[PDB]
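Working notes for the structure below.
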Amino acid sequence: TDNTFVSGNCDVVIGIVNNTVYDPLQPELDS
Amino acid sequence: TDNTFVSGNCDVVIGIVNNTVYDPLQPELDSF
C-alpha cells in the first residue's frame, strides 16, 4: 500500500492483473 | 494525513481555514 495508490476500479484499466497487495498495517494490528 | 503534512501552526498562516483532517488509521484502530 505504501508503493501504490488506490485509483478508480478494476473495470477501467485495460489489461489489469490480479495480485495480492501487502498491507503492513494488517499484521502489526493482528500481532 | 497522507495527502498533507504538518508545517507550522494555525495562527501563523494568513487566510488559513479550519476543517477535520481524516486519519485512515482511526477505523483500523477501531477494530484493534
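Letters for chains follow the order of the C-alpha cells (A, B, ...), residue numbers begin at 1 for each chain, and ligand numbers begin at 1 in the order shown.
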Running DSSP on the backbone, which parts of chain A land in alpha helix (DSSP H), as an mmCIF file with C-alpha atoms, in the first residue's frame?
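Below you can see selection.cif, which holds the result:
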data_model
loop_
_atom_site.group_PDB
_atom_site.id
_atom_site.type_symbol
_atom_site.label_atom_id
_atom_site.label_comp_id
_atom_site.auth_asym_id
_atom_site.auth_seq_id
_atom_site.Cartn_x
_atom_site.Cartn_y
_atom_site.Cartn_z
ATOM 1 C CA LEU A 25 -0.642 -2.324 8.977
ATOM 2 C CA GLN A 26 -2.657 -5.564 8.986
ATOM 3 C CA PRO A 27 -0.075 -7.870 10.651
ATOM 4 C CA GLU A 28 1.023 -5.112 13.042
ATOM 5 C CA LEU A 29 -2.525 -4.754 14.387
ATOM 6 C CA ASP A 30 -3.095 -8.523 14.408
#
Please check the contacts: residues of chain B at most 9 Å away from chain A, using only C-alpha atoms, listed as a PyMOL selection string.
chain B and resi 25+28-29+31-32
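In this model, the gap between atom CA of residue 23 of chain B and atom CA of residue 1 of chain B comes to 5.7 Å.
Note that the spacing between atom CA of residue 18 of chain A and atom CA of residue 2 of chain A amounts to 17.8 Å.
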